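There is one chain below, alone, in structure tokens, taken in the form deposited in one PDB entry.
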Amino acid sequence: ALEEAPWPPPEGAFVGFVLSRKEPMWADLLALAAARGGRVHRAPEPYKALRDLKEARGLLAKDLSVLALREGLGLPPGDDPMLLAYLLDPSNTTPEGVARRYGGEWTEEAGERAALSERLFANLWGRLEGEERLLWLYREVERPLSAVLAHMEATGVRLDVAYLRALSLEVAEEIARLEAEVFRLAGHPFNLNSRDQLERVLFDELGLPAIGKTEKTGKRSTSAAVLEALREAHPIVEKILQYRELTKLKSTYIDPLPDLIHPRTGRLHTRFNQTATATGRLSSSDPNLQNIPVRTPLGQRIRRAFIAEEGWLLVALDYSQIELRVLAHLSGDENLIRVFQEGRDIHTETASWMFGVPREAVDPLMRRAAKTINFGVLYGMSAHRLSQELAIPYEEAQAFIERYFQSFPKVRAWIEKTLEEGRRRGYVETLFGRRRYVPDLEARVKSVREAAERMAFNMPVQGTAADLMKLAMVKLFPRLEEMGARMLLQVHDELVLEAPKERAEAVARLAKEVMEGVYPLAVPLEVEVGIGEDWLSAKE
């Protein structure tokens, strides 16, 4: 049905490729093809014909650009129909889904994938006509950001492997101690990693009361919430909790990561999935580097393993109270804008209230616990749950919630303005125009409607925070190449850079001004910046 003109393909053609696995850094390029005007050009040798291309254009262009960089080839990713459909509707997350929705079939052949990329682009670009606010996000944010992400995935990050190997044995012993002590209290051994077996030990053999049930099957839950309430009911809970922390950090971080070091680059390579969340945030996978531990003392020792190359330093930049500043600009609340206009720290103030210490006596562990509460209360946590997390009576948890939103009376008016427009328009949008469709705002079941409501007014705040970060990544990346610095990781409101040790302080100051002034708001955006040889030393 399509003409099979031979390689080389024309210019501005749409590419179609097949990988041996989903990870472009680890994938073997199995087939390559291009399409334009109906014609489909199939590469004889994929690695040889990959050099004939001058732009990566089509579905998942970023992934092909990452494998190209893996081969020392500069093949920038261009237009991607996935970015058009993702801006039209964040529910369009995969090539299979967008194919079933807007037309065509996602197959496993490079030629058919090439032809589908051209057909999908004309359709989605036609629908995006008129949606100029979304076209601006496409032209100015999403499309150039893929090229930035391609270099981040290709560069990778250095990992102190011998440090994690020693950390594995160091924690392996501490796990055996707790494991043996939990068997002593239970009177018999069992599999502590099996929630079903722990359920019988805690709730049938012991007289411990079951606090709640699981969702799908209705079993007696052994989650950290149930156990945290049973710390005084039995000493076995105290050691089961210490056991969960270690095995989580060992089986997910300390042990898996050193085995993912790439052979050719000697670095760890993640994937930054650009069309994966409903709010416009990025997501990381294979391995996920956006959930490296940082809270517990042992978790912070895992960030020490993320190091710069010899003669380099890591530059970390983190937005301060970012979504609270976003809410101040969206709500227009005079008292909240006044807070960031006077340099006040909401997270430090909340910790000062929990621990009965002044703002000066608050430490980072206290301030991190207050962030969990400040954003929980903001996005609709119940007064009953808040009372249990803070161990305060239900009456005090109500007053804290009312005082929270009465300190900024316009934020609740803004939540209603967003909800009201949500049910009228059928979608909420960020400050830049990125939409999320939430259709259950008029559901008749109170639980389903209220769940849709909490998702509804969260997306503008979190989505605008995501957009300001993407805009900075698009503006900051070219200024780094002219300084010999690299862009490595993005953690939602945080950028991790890598610069030579002599230019590190110059890169830290430049990135600070770019991020702070990426888009001026009614409040100033303040960025905390630190330099170190490792990730933990730079976040300080």
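Numbering starts at 1 and runs along the sequence shown.
This protein has a second form, the form deposited in another entry, left out of what is shown; the following refers to that one.
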Could you name the item of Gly343, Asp440, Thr107, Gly37 at the hinge, where fit switches from one rigid part to the other between this form and the one not shown?
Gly343
Would one find the Cα atoms of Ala369 and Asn335 closer or farther in that other deposited form than in this form, where their distance changes by 3 Å or more?
closer
Classify the change in Cα distance between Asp363 and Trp535 in that other deposited form as closer or farther, relative to the shown form (magnitude of 3 Å or more).
farther
